[PDB]
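Below: one structure, written as structure tokens.
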Amino acid sequence: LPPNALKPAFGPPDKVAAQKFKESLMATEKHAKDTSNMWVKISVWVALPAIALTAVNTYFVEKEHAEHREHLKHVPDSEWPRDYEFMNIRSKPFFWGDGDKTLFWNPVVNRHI
Amino acid sequence: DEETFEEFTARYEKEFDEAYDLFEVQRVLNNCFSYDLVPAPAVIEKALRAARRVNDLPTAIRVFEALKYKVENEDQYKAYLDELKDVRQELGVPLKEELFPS
Amino acid sequence: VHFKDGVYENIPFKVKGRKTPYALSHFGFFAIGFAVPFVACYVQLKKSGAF
Amino acid sequence: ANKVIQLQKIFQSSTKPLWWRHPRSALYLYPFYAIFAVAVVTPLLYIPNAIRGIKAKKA
Amino acid sequence: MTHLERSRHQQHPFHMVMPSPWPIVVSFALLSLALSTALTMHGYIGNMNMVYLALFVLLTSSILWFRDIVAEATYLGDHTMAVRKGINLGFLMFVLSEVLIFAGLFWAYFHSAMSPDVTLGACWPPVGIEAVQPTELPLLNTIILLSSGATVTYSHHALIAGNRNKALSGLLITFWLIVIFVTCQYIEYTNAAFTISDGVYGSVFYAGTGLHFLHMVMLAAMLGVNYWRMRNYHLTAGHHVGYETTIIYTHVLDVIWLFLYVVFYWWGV
Amino acid sequence: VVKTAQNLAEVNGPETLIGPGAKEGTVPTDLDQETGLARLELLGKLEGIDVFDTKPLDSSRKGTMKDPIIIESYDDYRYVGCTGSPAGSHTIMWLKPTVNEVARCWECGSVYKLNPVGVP
Amino acid sequence: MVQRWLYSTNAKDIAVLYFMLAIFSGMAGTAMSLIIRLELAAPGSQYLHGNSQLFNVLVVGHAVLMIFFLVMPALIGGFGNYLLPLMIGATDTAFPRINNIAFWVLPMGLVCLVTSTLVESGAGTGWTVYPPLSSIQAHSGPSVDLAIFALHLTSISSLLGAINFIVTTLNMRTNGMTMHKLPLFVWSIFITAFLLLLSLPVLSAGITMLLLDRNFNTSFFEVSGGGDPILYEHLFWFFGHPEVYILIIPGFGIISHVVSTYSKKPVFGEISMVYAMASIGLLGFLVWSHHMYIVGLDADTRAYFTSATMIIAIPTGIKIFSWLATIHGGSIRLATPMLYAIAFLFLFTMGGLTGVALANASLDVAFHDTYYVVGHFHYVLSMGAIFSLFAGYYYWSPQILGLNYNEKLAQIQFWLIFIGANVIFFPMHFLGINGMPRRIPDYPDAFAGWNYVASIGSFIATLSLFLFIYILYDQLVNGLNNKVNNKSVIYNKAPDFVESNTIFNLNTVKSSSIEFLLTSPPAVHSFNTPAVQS
Ligand code: HEA
Ligand code: HEA
Ligand SMILES: CCCCCCCCCCCCCCCC(=O)OC[C@H](COP(=O)(O)OCCN)OC(=O)CCCCCCCCCCCCCCC
Ligand SMILES: CCCCCCCCCCCCCCCC(=O)OC[C@H](COP(=O)(O)OCCN)OC(=O)CCCCCCCCCCCCCCC
Ligand SMILES: CCCCCCCCCCCCCCCC(=O)OC[C@H](COP(=O)(O)OCCN)OC(=O)CCCCCCCCCCCCCCC
Ligand SMILES: CCCCCCCCCCCCCCCC(=O)OC[C@H](COP(=O)(O)OCCN)OC(=O)CCCCCCCCCCCCCCC
Ligand SMILES: [Ca+2]
Ligand SMILES: [Cu+2]
Ligand SMILES: [Zn+2]
């Protein structure tokens, strides 16, 4: 046991700095209230009505494209437009499946002839 | 650092009087010979009287050895040995050539 | 975790107090480095039919 | 429910390595080590064919 | 606390991590992944079963690494103020590097489009290519993303304020909004009239928007990790660092997608 | 037998650094579930005390063998970087005073002494 | 033992693994350059039986090993991880588990590059890997894939390590040390870490897109789908040039410490040295297309890149004159580290002056794929960065290891590499100016003269490397005896003129950085009470 074992290691506490730290935990606690409450209002008065009218406008435009897909599904491969030089590049077959189709390949709209 | 030569001597004269052991006399002497100038004769005299007060003869011999390295000619070395004549004689300091003659 | 201190304690290989001489480890390690280009040449010259 | 404090005292008074202190850690670590061995050995068992130019006969 | 008691605690705030097996187990999974993919892309391995296993082991080995960071901060108390500040700064340098990966993909797009090659028709887009129209399903996506950067703002500030229910609801909604974005790109892909095989146009288009697709799947995994931790009382009103890193992530991905939508969809079509 | 410490003077090792858990239905507080060195650094903040030392070297004067500059340490040594009396007077020079020998600067002659306070 | 070196979270132990791997790799890359120089000794088939693909394979392996597996894991992975935390007072690095994965990916990247040369025919493409020569039509099979995965694993290594270096410097400095008080070597690893962070992600875009053309039917660079090979070169060289500076700047900071120690003078104009290192790191992002002067760019594009390349000579020349100003008026001590530093100042200036000629686009028409270029970048990389790596090892290894080395054996080693390096690379300029192309295993008969001279010097320099391998053995078996006999240097600074022998024993070390004040092998717990400076 050294003689120093029972002597203070820090010094006099700073009661001023203990209050600045203490007052800053309440200012931020309530400033987050006047800030949070507005962003609930914004999320229901702007954001929600945007995902409302856009969705039906998107449903309408998407509903039309489904019939256009239904007409192409009846077109036989004789009058499918001929590929250009840069279309359907096959430098070597894909190493999965049959070697000719991609990941999101859709037979109705994508074809190799 | 804008220190004139006159301010250089008056500051190292003060610095040799305050040195209180061998470490201090050797450290102050090292810094005094590390500038782009040869210290004045009145600075060399105070460095000899500081090594006497700590009772060390080799430090007083090395003072004149550094002096012969720092001068430009050998006639500048001679004119110092002709100014500090009494002090080298009164304290009993030999020259390194006189001590190890070749 | 607590480790030891000293001279031969901060390296992963043993230099002293070993049965086999340390020269076999030191120069064997740098011999294998110098020898991998020649193994590659051997495989490829044995593929071209040169050997 | 809240179990932060209870797990706080289990963890801080344990001698085992960190990844072993939770009572449920045996069920993850035992099967992972077996799976980790298969996933490392098997690709290595194919370099001999790759150097020799033998290809798998998936046909 | 005298000198005797102060001796039982560290003299610096920084974190001394104990030895762990994870850093060298992740490296082996990375080599098993590299060796398997090259061998199956060229026929030396019959199927994709070995590539599947290497991806599964790279995944469950990072989980365990993340599992040991939860315990060091929630059950051990090792994340002091200085450790917290260093973690935030490391994450900002991570996203700056990921942002410049997209910067290289935008160079490739502009190189191919400002003076298009004559085998295309000297025209952008090339002849015969039917592109994605902006005022469509991609316009529903740019609203769904902008709508999640404001429901995540009120969840974060409801946790600082001590409101639990409001905090837990503004995160369960951000989750299902990023999930909706992800399946909306899936529909847009299986219906597009061109493919990544369709020359240089299908290459720069699906690279820029396909990388962003992969980050969103990673972003939805982060909000699910925060959901478990906030509901099970790990996050406190002043100490939630796993949450702020997620929040900064949802805002950078929002800006990147904004750029993709203006260049790949409005200017390049 | 053990109980949660309330102030820095009540801390007795690491088993008094575990708080009271938050009750069901509320957002936990820092004072409810912090532990370890992170909790000790918070107890000091509330009272106004810095538990990690971060002040620079005292360059008010030049120490001497009669009146050195005292340096505190929790070991038998500490590294000291001297740059002169008004800080920045000369090129920095690193030193290492020990419990048995003082340190002197070969550049300016400043003397530093150690003061051990650590308890094994 | 298992968990100290496979589970490590200590930055000193990890730095030792880096150096072990770095030196094992310079063996292989030197053996490949020796096989290359034997086949170039005379006209005709010499040793490879006319297999030109094999000669091209060994050239790629030579460049990848020297750059990504020797110079980066030693200057940065080794010296940066060992001396940066000690020079700023840090108890560790930030993120100690990130620090460990950034090493263990390099062994896995070596068992990817080595198995690339043994499969099918290897990658005979050059270290730049231009398409379409590197696509599946002109390079079939899995060799170029396995080389790309090797490059991916070195990018994960350098990026993760750079993020760790940046956080540690900004967050974990000791009491009183501000950013203006950092040692110059700490500044050199900090600036290098930012160049890696902003250039590596552009290279990962380029070579992943090359992997997609080969295996996934994509046309980034294929000409039949609309793609462009010249796009790849823009993406590759936008990382390339920043890389050459990622390789010289850490050596700039080593040279600063060595020159100041063996002069007994502080670095002249220390603050303008940091400003110059930052200006060179910024101007290294605006000059990349001096590597594409003849591919058909516009004349106004080429006139911009000329002037941008030339003005990096101004900040670099400030560092050259600054180093000559600190040794002027000094007290020079000619130990082995000081010999390399004086040779660096002379051989780096020569290599940099041949770069000023290359900087003009008009003159580069006679300097494209010419041995003259090969002569330029072996003067700044092999008598430059390599000479600074030797200077570092002889400077810090006695402290790091606790073991001294045979001094007079080390001065023989220095002279054998100085003589032999000059013999290989000086005649390379003569071949290039007369018009000899690069990347050929065989040449017309008029080039036989200088090609024989260079192949002789290649044997001189490999013998100097084998002497260095013996010096390592002697230091590890006889290091403690080298301290008591007179076979090694004990003090890198000697007593001052008027300082006596016994006063000198009070303070043996007069250092302006912490590292020379530790125990000889530094303790595994180096700081408990933080170091303090004014
Ligand atoms: C790090 C860079 C580096 C280094 C050190 C070297 C070193 C050498 N290089 Fe090479 N070289 C390159 C980088 C380098 N080279 C690059 C990028 C290319 C172009 C590739 C391309 O064309 O595609 C190239 C190309 C190249 C060619 C062109 C071949 C052709 O075009 O096909 C030749 C020809 O002779 C050659 C020769 C040499 C020789 C003889 C040495 C020897 O002189 C080495 C001399 C000195 C040493 C023996 C090394 C020191 C040994 C160590 C292990 C250091 C250990 C130190 C410590 C740990 C303290 N190099
Ligand atoms: C350490 C690596 C390193 C360094 C530091 C440099 C530094 C420089 N390099 Fe180099 N370079 C390479 C590595 C390096 N290079 C490699 C590997 C290649 C080939 C890549 C490949 O094809 O594989 C290459 C090729 C290369 C090219 C492409 C040429 C071609 O391929 O056809 C050019 C073009 O301008 C170039 C120029 C310069 C210039 C101007 C500097 C300047 O920074 C030099 C400045 C230094 C000085 C000028 C010396 C001191 C200055 C003074 C004392 C000031 C007074 C001077 C004057 C008033 C003139 N070099
Ligand atoms: C082959 C011998 C087997 C003998 C059979 C055992 C019978 C008992 C004999 C006792 C010997 C036990 C054998 C254990 C293995 C062993 O001690 O040396 C064997 C070790 C191998 O093992 P490794 O742990 O280094 O891992 C590596 C395995 N790949 O060689 C070596 O690395 C030699 C390496 C020396 C060269 C490094 C020089 C670097 C010096 C450090 C300088 C650092 C500067 C840092 C600056 C930043
Ligand atoms: C190391 C740093 C990474 C740098 C990365 C730079 C370049 C990355 C850009 C490409 C990223 C993947 C694109 C998304 C897939 C896509 O392309 O979308 C999918 C496309 C679109 O479907 P479709 O063509 O059938 O048309 C639809 C008509 N109905 O299908 C394909 O492609 C099939 C081929 C699979 C492509 C997978 C390629 C994986 C290799 C790269 C892995 C990701 C890189 C690392 C990311 C963490
Ligand atoms: C196919 C395989 C792919 C695998 C990739 C999976 C990626 C999915 C993302 C899962 C992230 C889980 C992190 C939670 C850990 C945690 O707990 O963080 C919380 C901790 C604890 O602090 P606290 O505030 O909770 O304190 C509690 C109160 N005292 O703070 C932190 O550590 C902050 C650092 C988090 C950063 C995580 C890493 C993010 C980048 C990883 C990117 C990897 C892929 C990159 C590919 C290009
Ligand atoms: C080929 C397909 C691409 C795969 C990508 C490569 C995969 C390698 C890494 C695998 C993920 C395992 C988790 C490790 C990361 C981690 O755990 O970060 C968590 C670390 C843990 O800090 P600590 O434990 O060190 O300190 C102890 C303190 N508790 O928090 C940090 O550092 C803070 C900064 C976060 C930065 C993370 C960066 C993400 C890493 C991936 C970077 C890849 C860049 C290249 C992109 C192509
Ligand atoms: Ca030949
Ligand atoms: Cu360049
Ligand atoms: Zn001083």
Side-chain angles (χ1 to χ4, degrees), chain C residues 30 33, chain F residues 59 62 80-85 89-93 95 104-110 112, chain G residues 19-20 22-34 36-48 50 55-56 58-75 78-79 125-129 240 244 247 340 369 371 373-375 377-378 380-394 397 417 420-425 428 437-443 448 451 454-455 457-466 468-469 472 534:
Chain C
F30 291 112
Chain F
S59 56
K62 185 213 113 162
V80 169
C82 165
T83 68
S85 164
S89 288
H90 74 76
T91 299
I92 192 176
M93 179 87 90
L95 318 156
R104 315 172 69 163
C105 182
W106 181 240
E107 179 50 53
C108 63
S110 208
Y112 296 83
Chain G
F19 213 85
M20 264 177 95
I23 204 152
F24 173 98
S25 289
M27 286 298 118
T30 317
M32 288 175 180
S33 73
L34 191 87
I36 278 154
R37 183 65 65 185
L38 272 186
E39 184 77 11
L40 283 168
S45 272
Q46 297 293 339
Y47 297 91
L48 298 183
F55 172 89
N56 285 334
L58 295 161
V59 172
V60 170
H62 162 61
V64 170
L65 283 167
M66 290 322 241
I67 289 183
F68 299 97
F69 289 92
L70 162 73
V71 174
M72 296 186 93
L75 275 195
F79 285 143
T125 57
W127 83 282
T128 51
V129 175
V244 323
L247 293 170
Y340 278 100
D369 270 301
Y371 268 58
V373 177
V374 190
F377 71 74
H378 274 110
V380 278
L381 272 171
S382 195
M383 302 173 234
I386 286 295
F387 271 27
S388 87
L389 182 62
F390 277 121
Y393 182 85
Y394 287 124
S397 55
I417 185 78
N422 276 270
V423 170
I424 310 169
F425 300 128
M428 290 214 167
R438 76 188 252 199
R439 290 149 160 188
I440 53 179
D442 221 337
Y443 45 93
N451 267 291
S455 269
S458 173
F459 262 66
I460 303 170
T462 313
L463 184 92
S464 158
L465 173 68
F466 287 172
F468 181 71
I469 299 299
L472 298 186
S534 64

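Order of listing sets the numbers, starting from 1, for every ligand and every atom in it. Computation of the quantities below employed the complete heavy-atom set of this structure, encompassing side-chain atoms and omitting hydrogens, waters and symmetry-equivalent molecules. Below, chains carry the letters A, B, ... as their sequence lines are ordered, and counting in each starts from 1.
- Of all atoms in ligand 1, listed by their number and element, those nearer than 4.0 Å to a heavy atom of G:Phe55 are 32 (O).
- Among G:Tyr340, G:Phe19, G:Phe390, the residue whose heavy atom sits closest to atom 55 (C) of ligand 1 is G:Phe390.
- Distance from atom 19 (C) of ligand 1 to its nearest protein heavy atom, with residue and atom name: G:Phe377 CZ, 3.9 Å.
- Ligand 1 has no atom lying under 4.0 Å from any heavy atom of G:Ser458.
- Side-chain contact between G:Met66 and G:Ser33 is absent, with no heavy atoms from C-beta onward closer than 4.5 Å.
- Both the backbone and the side chain of G:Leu389 come within 4.0 Å of ligand 1, counting heavy atoms alone.
- Interatomic distance, CZ of G:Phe425 versus OG of G:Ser458, reported as 8.5 Å (0.5 Å rounding).
- Residue side and main chain included, G:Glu39 places an N/O/S atom under 3.0 Å of the Ca ion (ligand 7).
- For the pair G:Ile23 and C:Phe30, the minimum side-chain heavy-atom distance is below 4.5 Å.
- For ligand 1, the polar-atom distance check against G:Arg438 finds a nitrogen or oxygen pair separated by under 3.5 Å.
- Taken to the nearest 0.5 Å, the CG atom of G:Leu247 stands 11.5 Å off from the CG atom of G:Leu389.
- Residue side and main chain included, G:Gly44 places an N/O/S atom under 3.0 Å of the Ca ion (ligand 7).
- Side-chain atoms of G:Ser455 come within 3.5 Å of backbone N or O of G:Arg37 as a donor-acceptor pair.
- Each of the atoms 53 (C) of ligand 1 lies under 4.0 Å from some heavy atom of G:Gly26.
- Nearest to atom 40 (C) of ligand 1 among the protein's heavy atoms is G:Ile424 CG2, 3.8 Å.
- Between F:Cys108 and F:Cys82 the shortest side-chain heavy-atom distance falls below 4.5 Å.
- Evaluated by nearest non-hydrogen atom to atom 21 (C) of ligand 1, the leading choice among G:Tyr371, G:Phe24, G:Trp127 is G:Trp127.
- By the 4.0 Å heavy-atom criterion, G:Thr462 is excluded from the residues contacting ligand 1.
- In terms of protein heavy atoms, atom 31 (O) of ligand 1 is closest to G:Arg439 N, 3.1 Å.
- Near G:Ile23, meaning under 4.0 Å from one of its heavy atoms, ligand 1 places the atoms 58 (C).
- The shortest distance between side-chain heavy atoms of F:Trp106 and F:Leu95 does not fall below 4.5 Å.
- With distances taken over non-hydrogen atoms, the option nearest atom 28 (C) of ligand 1 out of G:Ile469, G:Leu381, G:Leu463, G:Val374 is G:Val374.
- Considering backbone and side-chain atoms alike, G:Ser33 places every N or O at 3.5 Å or more from each N or O of ligand 1.
- The distance from the OG atom of G:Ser25 to the CZ atom of G:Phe68 is 13.0 Å, given to the nearest 0.5 Å.
- Among protein heavy atoms, atom 50 (C) of ligand 1 sits closest to G:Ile386 CG2, 4.0 Å.
- The side-chain heavy atoms of G:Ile36 and G:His62, taken from C-beta on, include a pair separated by under 4.5 Å.
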- Item | Step-by-step side-chain contact (heavy atoms from CB on, under 4.5 Å) determination, G:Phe459 to G:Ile424 | CA-CA 9 Å; G:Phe459 262 66; G:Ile424 310 169; over 6 Å; no
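- Closest heavy-atom approach to atom 17 (C) of ligand 1 among the candidates G:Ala391, G:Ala63, G:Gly61: G:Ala63.
- Residues G:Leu40 and G:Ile440 are not in side-chain contact: their nearest non-hydrogen atoms beyond the backbone lie 4.5 Å or more apart.
- Between G:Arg37 and ligand 1, at least one pair of N/O atoms sits closer than 3.5 Å.
- Contacts of G:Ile417 with ligand 1, taken as heavy-atom pairs under 4.0 Å, involve the side chain alone.
- Counting the atoms of ligand 1 from 1 in the order shown, those under 4.0 Å from a heavy atom of G:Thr30 are 48 (C).
- In this structure the side chain of G:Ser388 never reaches within 4.5 angstrom of the side chain of G:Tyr340, judged on heavy atoms.
- Within G:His62, NE2 is the N, O or S atom that lies nearest to atom 10 (Fe) of ligand 1.
- Atom 10 (Fe) of ligand 1 is closest to atom NE2 of G:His378 (considering only N, O or S atoms).
- Nearest protein heavy-atom contact of atom 39 (C) of ligand 1 is G:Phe425 CZ, 3.7 Å.
- Between G:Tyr393 and G:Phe468, the ring planes are perpendicular. Angles over 60° get that label, and only those under 30° would be called parallel.
- If you check which protein heavy atom lies closest to atom 3 (C) of ligand 1, you get G:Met66 CB, 3.8 Å.
- Side-chain contact between G:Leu465 and G:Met27 is present, with at least one heavy-atom pair separated by less than 4.5 Å.
- A distance of 9.5 Å separates CZ in G:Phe55 from CG in G:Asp442, rounded to the nearest 0.5 Å.
- When the heavy atoms of G:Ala28, G:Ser382, G:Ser25 are ranked by distance to atom 44 (C) of ligand 1, first place goes to G:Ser382.
- For atom 52 (C) of ligand 1, the closest heavy atom belonging to the protein is G:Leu465 CD1, 3.9 Å.
- Separation of the G:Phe69 and G:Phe24 ring centroids does not fall under the 6.0 Å cut-off.
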